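Visitor: Quick one: the structure is below, and I'll ask about it shortly.
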Amino acid sequence: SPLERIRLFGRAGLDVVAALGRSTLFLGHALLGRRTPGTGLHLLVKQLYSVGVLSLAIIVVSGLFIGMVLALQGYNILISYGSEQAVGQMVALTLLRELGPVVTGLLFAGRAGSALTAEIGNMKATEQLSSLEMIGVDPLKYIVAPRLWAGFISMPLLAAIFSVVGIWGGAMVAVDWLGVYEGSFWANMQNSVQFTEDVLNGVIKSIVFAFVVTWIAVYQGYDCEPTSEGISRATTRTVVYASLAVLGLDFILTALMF
Amino acid sequence: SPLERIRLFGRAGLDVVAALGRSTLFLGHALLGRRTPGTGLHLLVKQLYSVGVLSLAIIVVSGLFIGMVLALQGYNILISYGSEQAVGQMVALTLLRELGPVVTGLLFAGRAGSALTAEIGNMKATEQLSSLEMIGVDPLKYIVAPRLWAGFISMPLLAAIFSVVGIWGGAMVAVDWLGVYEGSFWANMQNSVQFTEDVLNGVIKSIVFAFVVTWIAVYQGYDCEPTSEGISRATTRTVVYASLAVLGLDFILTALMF
Amino acid sequence: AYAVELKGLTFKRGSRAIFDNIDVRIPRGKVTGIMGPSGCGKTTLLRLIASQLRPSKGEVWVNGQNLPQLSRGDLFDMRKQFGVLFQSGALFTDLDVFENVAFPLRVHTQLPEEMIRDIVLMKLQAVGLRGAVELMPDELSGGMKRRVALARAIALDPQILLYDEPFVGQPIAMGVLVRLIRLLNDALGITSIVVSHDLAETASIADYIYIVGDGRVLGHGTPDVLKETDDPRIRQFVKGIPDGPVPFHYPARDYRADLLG
Amino acid sequence: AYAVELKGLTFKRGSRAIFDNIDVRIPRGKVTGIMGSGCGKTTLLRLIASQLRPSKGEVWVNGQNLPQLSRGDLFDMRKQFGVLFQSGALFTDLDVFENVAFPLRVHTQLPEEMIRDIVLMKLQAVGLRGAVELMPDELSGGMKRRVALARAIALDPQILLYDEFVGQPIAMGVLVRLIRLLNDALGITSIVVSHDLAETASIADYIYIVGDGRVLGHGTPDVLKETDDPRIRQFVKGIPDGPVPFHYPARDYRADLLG
Amino acid sequence: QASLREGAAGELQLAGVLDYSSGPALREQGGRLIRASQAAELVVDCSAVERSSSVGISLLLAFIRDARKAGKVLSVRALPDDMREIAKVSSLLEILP
Amino acid sequence: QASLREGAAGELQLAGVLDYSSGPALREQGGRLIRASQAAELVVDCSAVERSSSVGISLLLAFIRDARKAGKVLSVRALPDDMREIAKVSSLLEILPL
Ligand SMILES: CCCCCCCCCCCCCCCC(=O)OC[C@H](COP(=O)(O)O)OC(=O)CCCCCCCCCCCCCCC
Ligand SMILES: CCCCCCCCCCCCCCCC(=O)OC[C@H](COP(=O)(O)O)OC(=O)CCCCCCCCCCCCCCC
Ligand SMILES: CCCCCCCCCCCCCCCC(=O)OC[C@H](COP(=O)(O)O)OC(=O)CCCCCCCCCCCCCCC
Ligand SMILES: CCCCCCCCCCCCCCCC(=O)OC[C@H](COP(=O)(O)O)OC(=O)CCCCCCCCCCCCCCC
Ligand SMILES: [Mg+2]
Ligand SMILES: [Mg+2]
């Protein structure tokens, strides 16, 4: 009935807020709650290799591909406007202030946002997390806390690597394939980057969405329902939500610095 | 040992090609094998709902955001050069001829490429698929066949909707927010689109993505190992591969047509 | 005379030889129960006598003719003879309970949608899950999710029907199911193949129980004649007896020097 | 005298009132078994392990009550019990050795050679001494539970509860022998929480039944075998039909079939 | 397979096998064709019904939903032994007359 | 908790409780400090050991891997009740020289 559908809609509405506040409390208890006995830097390293180092081939190959795409494309668009030697700054503007970090947030929400929700969500279904509180180790600090720190300090690094490989691949297709003058690429590139509005801009834009990408990826797993299908629905909710919180948050972050 | 690591690497290398060929045989048996009794168009409609219609809010909101990002950004870079009317053409050209289909393949590999492998891999873990062959319905034709069909005929449609909403949102931020002259947006836009190299180009680039995305997303699930963790690893392998099958194939599709 | 027979049956799964020259003879009309250790191919042996998995070499004589030597248009026509009750139900999630139970009907048969409802309704009654003709398989408890799957199986009225892990996670739910698997047998006169490692209730309803181990059938018989067969492996399986042919301890070095060195 | 007591215990999960004024009294040194799906017996375990805060009421475990202790003392109390969760609940990123050693490296700072002795003698007790090398997915289903039982018995808890022997005979036999050996040998309280009534009653000494929010009686396995409580006689035996309905609430076999 | 005949005076006459195949044909030639002509006191006897499945039970159940719709009352006689076992598991045994 | 003493002539003397806490201290003051001075025929008797856990078992087990390392042979006496219970498990019976 309509009165049933609207009640279900309002319930889903208020529940979405309830979850958005529960996630904030969860992030609080995870990041600055206490210091449980089982913690250390070995956890952060073990999680840094599973969240970043494992996600290295995907984003590197993707950055190479997207760079040879942006160059192979803008050259075709620049060949009509005469700004031919201006394709270098393009693969370093359309890949270093908005698309670099955005595509890195899309691939890091997909690989290490779905592989971090199906790994921290499958631990909840097999009682791997519940068997930690009964040992005495707060799972928010032993399991969730390292994953939150290996997302914060790996997605900006992955975005920088993404931008570097994309720029270099754009060079390798502009210069070696499309035959634009070699030195002009990097020259025209570096005179018009304006570090404080390109490099640091994209890096803050990557820290922002990257932090969000590993907060709504480590919470959706922690608050999934403990079943083989609850995990598989959470690992999809965390790709949807972490793609929206990459794109829309990139709009909110680019409206502040164009 | 090194002799052990290299043997394991060669085994994975040959295993990858074994899977690459098994996937092709699977797609063959799914798309043109036979006509099992349980088939129909109702399956294709039910799938088109879960694959496309459910994936409609994600890509629409994302297209709006990416459009009001593209415009809000290119206006900033093009004002420096001095070209300002053309932001409607530049914003539309990037989205329609490339970034449109690419970001749609990234969000469709994430939402309906993970909620597809997870849905068809849980169908394998709970013996939902094995209980079909023993009924007598080929699951490749009853389960996989509509899912593949839903992907082929929904991701291009979602990419077109993505490009339309992105163009319109770029207008709504250029015109209503950034104050560029209204009519010039669409005018400068439509005189320099060249349908056969921007609309049909992006549409073929999106069809090519859909065939390679909805097939590595429907196979990853069908060939997962039947466990709550095998599914969660397959729903990540299908985001990684279908992002690498979007970016890389977009590089091979844009070399064909700049 | 025999519903299912496995003449020289063996199965390969990646040069692993899950089975090597086994010979089971399923008597029709009787609740036969096959079992063994966890990971002995119990569930894999089902996909063979149901022809969901092609054997390596050998034939499975099911209700007359053999399965792996039939045309697909006739193998499908044979599929009407058996239904499968998997553990955890194996219920189609996108279909509701009514269409779930009706699915085997709408496949092999073109019956009026009103006549099909009567067949689905009487079945769902026979298992007690008649009132929940409305729900979705996740709106059902774990115990009742299996009874509706059993009803889906007994649709089309198969002459044999296989139960993989029929009574895994129970006590009252397990009782109704162990009563139904016997009622369906004595009433319908259909061959039941209960295939679970849970020995007590299996032997309770079984009439000719088998044991499968490490690729070969490790004997068989009536539950009492199998209770004291003096086969070390089978006496170790039929009773608790933690240590026996199957090692209780794992293959390691002497414990004396284990912590010493 | 009693290891665990639930004085006026009740639990609420999203205004559903899972429990309502239950009172269980776990006798120490004895294998007690609280069998019952809806009864949410697994949820109760958390309560008596203080993984879940009760709605109102206190759980007297080995003396003082759990929900009224400081976190630095609640953790210090956690040393008293271990949990043998079904399917192993084994840390996947850790190997079997570090898996069993994990409870040691948490509450204790012992030399890494002394931790090895306890892990080695603890893994040998369950029979899984040779697989000190593997990863929890390289272990079979039944064998994985045995390593978990060893991780639990590490630190030598005084009580231990094994929620869900299930879905596995030779393996189930070793497990049901170990849960009794660990009890009579170590003198530790065992709380076996499984639906499999037969083997529970086999090892149980004071078995409970939890149903629809309230403890539906309790006692020794034989005194509970014929308590004449319709619900409990329906649970303790097969008897498909009884207080718990065999049929779902349909409308009418005459009307719904014809109308 | 089987056939249906001898209407218009009750005494409905049923032939050998009522399975999934012979279901819809028997229903169509009985449901509207036969049961519309019938007057009253309808008796159907499954005397020459040697093998049958639940499909057959649904058929006899497909014979009551319309006689009741057509007001006139029906009853079943000479029910096959195979149908009786199928009828016994279900709660519809009392429903059948 | 407990203490360790009376070395250099075997006859190692053990005090009351050997738990997770008193473990490392007893090992350190026994392992290198005490067992290095010892000569031979080492006997350790857990007479005044009234409560103990498996940490105590591993302590007695850590007393053997160094005497064997130091060549001289040791044996345990006065095995208390609870220690025996944990030693009546796996590799702590015949392994333990008593
Ligand atoms: C006075 C209090 C009013 C309440 C305010 C709550 C609003 C926030 C929630 C929005 C409604 C969500 C309904 C869920 C839909 C559904 O069916 O539910 C579907 C899903 C979840 O359910 P599924 O299990 O079906 O996945 O919900 C969502 O998709 C959640 C939406 C997240 C959006 C919230 C954050 C957006 C932030 C931007 C706000 C600024 C606006 C800018 C424009 C000017
Ligand atoms: C000429 C050939 C075309 C080149 C590209 C082909 C496309 C496919 C290859 C891309 C790599 C696939 C990795 C998938 C990610 C994954 O497995 O996900 C990340 C995984 C994690 O492994 P798990 O399965 O254990 O989680 O990391 C790996 O172990 C992958 C190892 C592969 C490393 C090779 C790629 C490195 C650099 C790529 C080439 C450099 C480009 C420059 C050359 C000019
Ligand atoms: C004119 C139109 C313009 C409108 C623009 C709107 C932009 C809105 C931004 C989009 C963000 C969507 C978030 C999706 C999360 C969701 O659905 O939220 C829903 C989910 C849970 O939903 P469930 O009930 O389905 O599980 O939330 C979570 O699981 C936790 C996510 C919380 C993170 C929220 C992001 C806040 C970021 C704040 C940091 C900013 C730092 C900047 C400093 C410089
Ligand atoms: C206009 C022409 C028409 C175009 C037609 C489309 C072509 C179809 C291509 C098929 C793609 C393979 C699908 C495999 C199926 C599957 O599930 O494949 C799965 C298996 C993996 O097996 P596992 O399950 O063992 O991991 O293989 C893969 O991982 C496939 C990864 C796909 C990556 C695509 C990369 C292509 C881009 C290459 C660019 C290189 C350029 C280098 C220059 C420097
Ligand atoms: Mg099995
Ligand atoms: Mg439970």
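By order in the structure tokens, chains are A, B, ...; within a chain, residues start at 1; ligands start at 1, following the order shown.
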Show me which residues are within 9 Å of ligand 5 counting only C-alpha atoms and all ligand atoms, and format the list as a tab-separated table (two decimals) with N, CA and C atoms, in the first residue's frame.

Guide:
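Wrote part-v1.tsv, looks like this:
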```tsv
chain	number	residue	atom	x	y	z
C	38	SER	N	34.25	-35.95	5.96
C	38	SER	CA	34.04	-34.63	5.31
C	38	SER	C	35.11	-34.41	4.24
C	39	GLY	N	34.71	-34.35	2.97
C	39	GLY	CA	35.65	-34.15	1.86
C	39	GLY	C	35.98	-35.46	1.17
C	40	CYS	N	35.03	-36.41	1.19
C	40	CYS	CA	35.23	-37.74	0.56
C	40	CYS	C	34.51	-37.79	-0.79
C	41	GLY	N	33.88	-36.69	-1.19
C	41	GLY	CA	33.16	-36.63	-2.48
C	41	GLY	C	31.69	-36.97	-2.31
C	42	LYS	N	31.18	-36.90	-1.07
C	42	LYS	CA	29.75	-37.22	-0.79
C	42	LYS	C	28.87	-36.37	-1.72
C	43	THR	N	29.04	-35.05	-1.69
C	43	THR	CA	28.25	-34.12	-2.54
C	43	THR	C	28.62	-34.31	-4.01
C	44	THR	N	29.88	-34.66	-4.29
C	44	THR	CA	30.36	-34.86	-5.68
C	44	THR	C	29.75	-36.14	-6.25
C	164	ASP	N	21.15	-34.02	-0.10
C	164	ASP	CA	22.55	-33.75	0.31
C	164	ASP	C	22.50	-32.94	1.60
C	165	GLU	N	23.12	-33.45	2.67
C	165	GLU	CA	23.12	-32.75	3.99
C	165	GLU	C	21.67	-32.41	4.36
C	195	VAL	N	22.14	-38.32	1.97
C	195	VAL	CA	23.64	-38.32	1.94
C	195	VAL	C	24.24	-37.30	2.92
C	196	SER	N	24.38	-37.67	4.20
C	196	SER	CA	24.85	-36.78	5.24
C	196	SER	C	25.84	-37.52	6.11
C	197	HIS	N	26.78	-36.77	6.69
C	197	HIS	CA	27.79	-37.37	7.60
C	197	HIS	C	27.17	-37.58	8.99
```

Visitor: In range 16-252 of chain C, what's helix (DSSP H, G or I) per DSSP? Answer as a PDB file with C-alpha atoms, in the first residue's frame?

Guide:
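As a result, out15.pdb now contains:
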```
ATOM      1  CA  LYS C  42      29.753 -37.215  -0.794  1.00  0.00           C
ATOM      2  CA  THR C  43      28.247 -34.121  -2.538  1.00  0.00           C
ATOM      3  CA  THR C  44      30.357 -34.859  -5.683  1.00  0.00           C
ATOM      4  CA  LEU C  45      28.960 -38.451  -5.827  1.00  0.00           C
ATOM      5  CA  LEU C  46      25.453 -36.861  -5.973  1.00  0.00           C
ATOM      6  CA  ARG C  47      26.230 -34.748  -9.055  1.00  0.00           C
ATOM      7  CA  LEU C  48      27.182 -38.022 -10.765  1.00  0.00           C
ATOM      8  CA  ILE C  49      24.035 -40.064 -10.064  1.00  0.00           C
ATOM      9  CA  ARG C  72      20.556 -33.809 -24.174  1.00  0.00           C
ATOM     10  CA  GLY C  73      16.922 -33.673 -25.291  1.00  0.00           C
ATOM     11  CA  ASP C  74      16.521 -37.037 -23.559  1.00  0.00           C
ATOM     12  CA  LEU C  75      18.779 -36.331 -20.583  1.00  0.00           C
ATOM     13  CA  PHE C  76      16.537 -33.359 -19.827  1.00  0.00           C
ATOM     14  CA  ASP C  77      13.510 -35.621 -20.297  1.00  0.00           C
ATOM     15  CA  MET C  78      15.078 -37.990 -17.749  1.00  0.00           C
ATOM     16  CA  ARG C  79      15.683 -35.150 -15.262  1.00  0.00           C
ATOM     17  CA  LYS C  80      11.969 -35.451 -14.418  1.00  0.00           C
ATOM     18  CA  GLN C  81      12.785 -38.681 -12.568  1.00  0.00           C
ATOM     19  CA  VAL C  97       8.126 -19.360  -2.463  1.00  0.00           C
ATOM     20  CA  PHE C  98       5.173 -20.021  -4.768  1.00  0.00           C
ATOM     21  CA  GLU C  99       7.120 -19.539  -7.998  1.00  0.00           C
ATOM     22  CA  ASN C 100      10.043 -21.302  -6.313  1.00  0.00           C
ATOM     23  CA  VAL C 101       8.046 -24.495  -5.798  1.00  0.00           C
ATOM     24  CA  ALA C 102       6.368 -24.023  -9.188  1.00  0.00           C
ATOM     25  CA  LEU C 105       6.544 -27.458 -13.091  1.00  0.00           C
ATOM     26  CA  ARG C 106       6.855 -24.507 -15.488  1.00  0.00           C
ATOM     27  CA  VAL C 107       9.940 -26.160 -17.008  1.00  0.00           C
ATOM     28  CA  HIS C 108       9.029 -29.694 -18.060  1.00  0.00           C
ATOM     29  CA  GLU C 113      -1.512 -21.549 -14.228  1.00  0.00           C
ATOM     30  CA  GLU C 114      -4.531 -22.464 -12.051  1.00  0.00           C
ATOM     31  CA  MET C 115      -3.821 -26.253 -12.144  1.00  0.00           C
ATOM     32  CA  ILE C 116      -0.096 -25.525 -11.419  1.00  0.00           C
ATOM     33  CA  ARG C 117      -1.113 -23.525  -8.288  1.00  0.00           C
ATOM     34  CA  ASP C 118      -3.064 -26.564  -6.951  1.00  0.00           C
ATOM     35  CA  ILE C 119       0.023 -28.825  -7.475  1.00  0.00           C
ATOM     36  CA  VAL C 120       2.270 -26.212  -5.752  1.00  0.00           C
ATOM     37  CA  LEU C 121      -0.278 -25.743  -2.892  1.00  0.00           C
ATOM     38  CA  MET C 122      -0.723 -29.491  -2.121  1.00  0.00           C
ATOM     39  CA  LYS C 123       3.102 -29.943  -2.079  1.00  0.00           C
ATOM     40  CA  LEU C 124       3.717 -26.955   0.226  1.00  0.00           C
ATOM     41  CA  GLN C 125       1.050 -28.466   2.481  1.00  0.00           C
ATOM     42  CA  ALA C 126       2.744 -31.877   2.575  1.00  0.00           C
ATOM     43  CA  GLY C 142      16.965 -21.634   7.992  1.00  0.00           C
ATOM     44  CA  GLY C 143      14.893 -24.629   9.043  1.00  0.00           C
ATOM     45  CA  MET C 144      11.875 -23.882   6.859  1.00  0.00           C
ATOM     46  CA  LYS C 145      14.030 -22.849   3.893  1.00  0.00           C
ATOM     47  CA  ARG C 146      14.864 -26.537   3.483  1.00  0.00           C
ATOM     48  CA  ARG C 147      11.277 -27.812   3.649  1.00  0.00           C
ATOM     49  CA  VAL C 148      10.178 -25.576   0.771  1.00  0.00           C
ATOM     50  CA  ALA C 149      13.172 -26.835  -1.198  1.00  0.00           C
ATOM     51  CA  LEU C 150      12.040 -30.387  -0.441  1.00  0.00           C
ATOM     52  CA  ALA C 151       8.604 -29.417  -1.746  1.00  0.00           C
ATOM     53  CA  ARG C 152      10.209 -28.043  -4.910  1.00  0.00           C
ATOM     54  CA  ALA C 153      12.014 -31.371  -5.250  1.00  0.00           C
ATOM     55  CA  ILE C 154       8.887 -33.509  -4.798  1.00  0.00           C
ATOM     56  CA  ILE C 172      12.320 -30.089  16.212  1.00  0.00           C
ATOM     57  CA  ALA C 173      13.097 -28.829  12.662  1.00  0.00           C
ATOM     58  CA  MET C 174      15.340 -31.874  12.151  1.00  0.00           C
ATOM     59  CA  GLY C 175      12.527 -34.094  13.409  1.00  0.00           C
ATOM     60  CA  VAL C 176       9.967 -32.855  10.896  1.00  0.00           C
ATOM     61  CA  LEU C 177      12.499 -33.242   8.090  1.00  0.00           C
ATOM     62  CA  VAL C 178      13.538 -36.760   9.111  1.00  0.00           C
ATOM     63  CA  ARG C 179       9.844 -37.654   9.306  1.00  0.00           C
ATOM     64  CA  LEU C 180       9.150 -36.147   5.879  1.00  0.00           C
ATOM     65  CA  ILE C 181      12.015 -37.934   4.132  1.00  0.00           C
ATOM     66  CA  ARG C 182      10.507 -41.206   5.389  1.00  0.00           C
ATOM     67  CA  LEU C 183       6.851 -40.346   4.752  1.00  0.00           C
ATOM     68  CA  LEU C 184       7.668 -39.321   1.178  1.00  0.00           C
ATOM     69  CA  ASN C 185       9.382 -42.699   0.785  1.00  0.00           C
ATOM     70  CA  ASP C 186       6.804 -45.085   2.243  1.00  0.00           C
ATOM     71  CA  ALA C 187       3.830 -43.100   0.928  1.00  0.00           C
ATOM     72  CA  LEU C 188       5.007 -42.146  -2.566  1.00  0.00           C
ATOM     73  CA  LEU C 199      25.253 -40.961  11.219  1.00  0.00           C
ATOM     74  CA  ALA C 200      22.629 -41.338  13.956  1.00  0.00           C
ATOM     75  CA  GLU C 201      19.565 -40.021  12.129  1.00  0.00           C
ATOM     76  CA  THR C 202      20.797 -41.389   8.800  1.00  0.00           C
ATOM     77  CA  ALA C 203      20.903 -44.927  10.201  1.00  0.00           C
ATOM     78  CA  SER C 204      17.572 -44.099  11.848  1.00  0.00           C
ATOM     79  CA  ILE C 205      15.865 -43.661   8.475  1.00  0.00           C
ATOM     80  CA  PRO C 232      38.745 -50.743  11.212  1.00  0.00           C
ATOM     81  CA  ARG C 233      37.846 -47.719   9.079  1.00  0.00           C
ATOM     82  CA  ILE C 234      34.115 -48.481   9.186  1.00  0.00           C
ATOM     83  CA  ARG C 235      34.065 -49.333  12.882  1.00  0.00           C
ATOM     84  CA  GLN C 236      35.972 -46.081  13.398  1.00  0.00           C
ATOM     85  CA  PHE C 237      33.364 -44.161  11.394  1.00  0.00           C
ATOM     86  CA  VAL C 238      30.208 -45.858  12.736  1.00  0.00           C
TER      87      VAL C 238
END
```

Visitor: Just need the residues of chain D within 8 Å of chain C, counting only C-alpha atoms, so spit them out as number ranges by chain.

Guide: D: 36, 116-117, 120-121, 124, 126-131, 141-142, 166-174, 177, 195-197, 234-241, 246-251, 257

Visitor: Export N, CA and C atoms of the chosen residues as a tab-separated table (two decimals), in the first residue's frame?

Guide:
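Contents of out.tsv, as written:
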```tsv
chain	number	residue	atom	x	y	z
D	36	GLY	N	18.84	-25.14	22.13
D	36	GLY	CA	17.52	-24.52	21.89
D	36	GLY	C	17.08	-24.67	20.45
D	116	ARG	N	56.10	-20.26	22.11
D	116	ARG	CA	56.16	-21.41	21.22
D	116	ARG	C	55.88	-22.72	21.93
D	117	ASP	N	56.38	-22.89	23.16
D	117	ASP	CA	56.12	-24.12	23.91
D	117	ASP	C	54.63	-24.29	24.19
D	120	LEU	N	52.75	-25.01	21.01
D	120	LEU	CA	53.10	-26.38	20.53
D	120	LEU	C	52.38	-27.44	21.37
D	121	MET	N	52.40	-27.29	22.70
D	121	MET	CA	51.74	-28.29	23.59
D	121	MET	C	50.22	-28.12	23.52
D	124	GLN	N	49.15	-29.75	20.17
D	124	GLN	CA	49.29	-31.23	20.22
D	124	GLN	C	48.09	-31.82	20.98
D	126	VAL	N	45.05	-30.95	20.91
D	126	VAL	CA	43.85	-31.06	20.01
D	126	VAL	C	44.18	-31.99	18.84
D	127	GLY	N	45.45	-32.38	18.70
D	127	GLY	CA	45.86	-33.29	17.61
D	127	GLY	C	46.35	-32.53	16.39
D	128	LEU	N	46.17	-31.20	16.38
D	128	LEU	CA	46.62	-30.38	15.26
D	128	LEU	C	47.99	-29.78	15.52
D	129	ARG	N	48.95	-30.65	15.88
D	129	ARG	CA	50.33	-30.21	16.20
D	129	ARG	C	51.17	-30.12	14.92
D	130	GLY	N	50.97	-31.04	13.98
D	130	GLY	CA	51.74	-31.04	12.75
D	130	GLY	C	51.45	-29.86	11.85
D	131	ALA	N	50.21	-29.38	11.84
D	131	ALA	CA	49.84	-28.21	11.03
D	131	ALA	C	50.06	-26.92	11.78
D	141	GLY	N	37.57	-28.25	7.05
D	141	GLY	CA	36.50	-27.72	7.92
D	141	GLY	C	36.61	-28.20	9.36
D	142	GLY	N	36.53	-29.52	9.57
D	142	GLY	CA	36.58	-30.10	10.93
D	142	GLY	C	37.90	-29.81	11.63
D	166	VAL	N	28.57	-29.65	14.78
D	166	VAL	CA	27.50	-29.48	13.75
D	166	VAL	C	28.07	-29.59	12.32
D	167	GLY	N	27.25	-30.11	11.39
D	167	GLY	CA	27.61	-30.23	9.96
D	167	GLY	C	28.93	-30.92	9.65
D	168	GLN	N	29.22	-32.02	10.36
D	168	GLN	CA	30.48	-32.79	10.16
D	168	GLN	C	30.31	-34.19	10.75
D	169	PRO	N	31.44	-37.46	11.55
D	169	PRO	CA	31.28	-38.35	12.70
D	169	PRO	C	32.62	-38.58	13.41
D	170	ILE	N	33.64	-39.00	12.67
D	170	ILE	CA	34.99	-39.24	13.25
D	170	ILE	C	35.53	-37.91	13.79
D	171	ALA	N	35.32	-36.82	13.04
D	171	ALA	CA	35.76	-35.48	13.48
D	171	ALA	C	34.92	-35.08	14.69
D	172	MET	N	33.59	-35.11	14.54
D	172	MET	CA	32.69	-34.79	15.63
D	172	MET	C	33.04	-35.59	16.88
D	173	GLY	N	33.50	-36.83	16.70
D	173	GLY	CA	33.90	-37.64	17.83
D	173	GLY	C	35.11	-37.10	18.56
D	174	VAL	N	36.14	-36.70	17.82
D	174	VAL	CA	37.32	-36.15	18.47
D	174	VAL	C	36.97	-34.86	19.20
D	177	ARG	N	35.01	-35.61	22.34
D	177	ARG	CA	35.93	-36.14	23.34
D	177	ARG	C	36.82	-35.05	23.93
D	195	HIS	N	22.56	-27.16	18.74
D	195	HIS	CA	21.18	-27.68	18.57
D	195	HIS	C	21.22	-29.21	18.61
D	196	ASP	N	22.30	-29.80	18.09
D	196	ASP	CA	22.46	-31.27	18.06
D	196	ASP	C	22.26	-31.77	19.50
D	197	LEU	N	21.01	-32.08	19.85
D	197	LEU	CA	20.64	-32.46	21.21
D	197	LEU	C	21.35	-33.73	21.66
D	234	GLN	N	8.60	-31.54	23.29
D	234	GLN	CA	8.62	-31.43	21.84
D	234	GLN	C	10.02	-31.15	21.31
D	235	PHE	N	10.85	-30.51	22.13
D	235	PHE	CA	12.24	-30.20	21.70
D	235	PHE	C	13.13	-31.43	21.93
D	236	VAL	N	13.07	-31.99	23.14
D	236	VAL	CA	13.92	-33.13	23.50
D	236	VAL	C	13.66	-34.37	22.65
D	237	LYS	N	12.53	-34.43	21.95
D	237	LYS	CA	12.26	-35.51	21.02
D	237	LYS	C	12.01	-34.93	19.64
D	238	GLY	N	11.84	-35.82	18.66
D	238	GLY	CA	11.57	-35.36	17.31
D	238	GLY	C	10.21	-34.70	17.21
D	239	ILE	N	9.15	-35.51	17.29
D	239	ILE	CA	7.75	-35.10	17.43
D	239	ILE	C	7.49	-33.83	16.60
D	240	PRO	N	7.44	-33.95	15.27
D	240	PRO	CA	7.40	-32.76	14.41
D	240	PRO	C	6.34	-31.73	14.79
D	241	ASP	N	5.20	-32.16	15.31
D	241	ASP	CA	4.11	-31.25	15.64
D	241	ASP	C	3.93	-31.16	17.15
D	246	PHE	N	3.90	-27.22	13.28
D	246	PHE	CA	4.45	-27.85	12.09
D	246	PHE	C	3.96	-27.15	10.83
D	247	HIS	N	2.68	-26.81	10.79
D	247	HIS	CA	2.13	-26.09	9.66
D	247	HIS	C	2.29	-24.59	9.86
D	248	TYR	N	2.50	-23.87	8.76
D	248	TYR	CA	2.50	-22.42	8.81
D	248	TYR	C	1.06	-21.93	8.93
D	249	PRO	N	0.85	-20.69	9.39
D	249	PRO	CA	-0.52	-20.18	9.50
D	249	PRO	C	-1.18	-19.94	8.15
D	250	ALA	N	-1.67	-21.01	7.54
D	250	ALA	CA	-2.42	-20.90	6.30
D	250	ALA	C	-3.86	-20.47	6.60
D	251	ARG	N	-4.65	-20.34	5.54
D	251	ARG	CA	-6.04	-19.94	5.72
D	251	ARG	C	-6.98	-21.14	5.83
D	257	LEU	N	-7.54	-23.90	-1.45
D	257	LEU	CA	-7.33	-24.90	-2.53
D	257	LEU	C	-8.43	-24.76	-3.60
```

Visitor: Got a sec: who's within 6 Å of residue 202 in chain A, counting only C-alpha atoms, leaving out chain neighbours fewer than 3 positions off, as JSON, numbers by chain?

Guide: {"A": [96, 97, 198, 199, 205, 206]}

Visitor: Quick one: residues within 7 Å of range 34-44 of chain F, only C-alpha atoms counted, chain neighbours fewer than 3 positions away excluded, as an NGL selection string?

Guide: :F and (7-13 or 29-31 or 67 or 72-77)

Visitor: Give me, as an NGL selection string, the set of residues whose atoms come within 6 Å of any atom of ligand 4, counting only C-alpha atoms and all ligand atoms.

Guide: :B and (15-16 or 19-20 or 23 or 208 or 212 or 216 or 219-220 or 241 or 244-245 or 248-249)

Visitor: Enumerate as a ChimeraX atom specification the residues belonging to chain D that approach chain E to within 7 Å, with only C-alpha atoms taken into account.

Guide: /D:253-254,258

Visitor: Next, write the just-selected residues to a file, as a PDB file, in the first residue's frame, keeping C-alpha atoms as the atom set.

Guide:
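part33.pdb, written as the output of this step:
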```pdb
ATOM      1  CA  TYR D 253      -7.043 -26.345   2.984  1.00  0.00           C
ATOM      2  CA  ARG D 254     -10.621 -26.358   1.676  1.00  0.00           C
ATOM      3  CA  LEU D 258     -10.767 -24.256  -4.109  1.00  0.00           C
TER       4      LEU D 258
END
```

Visitor: By how many Å are atom 31 (C, counted along the ligand's line) of ligand 1 and CA of residue 59 in chain A apart?

Guide: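 Those two atoms sit 27.5 Å apart.
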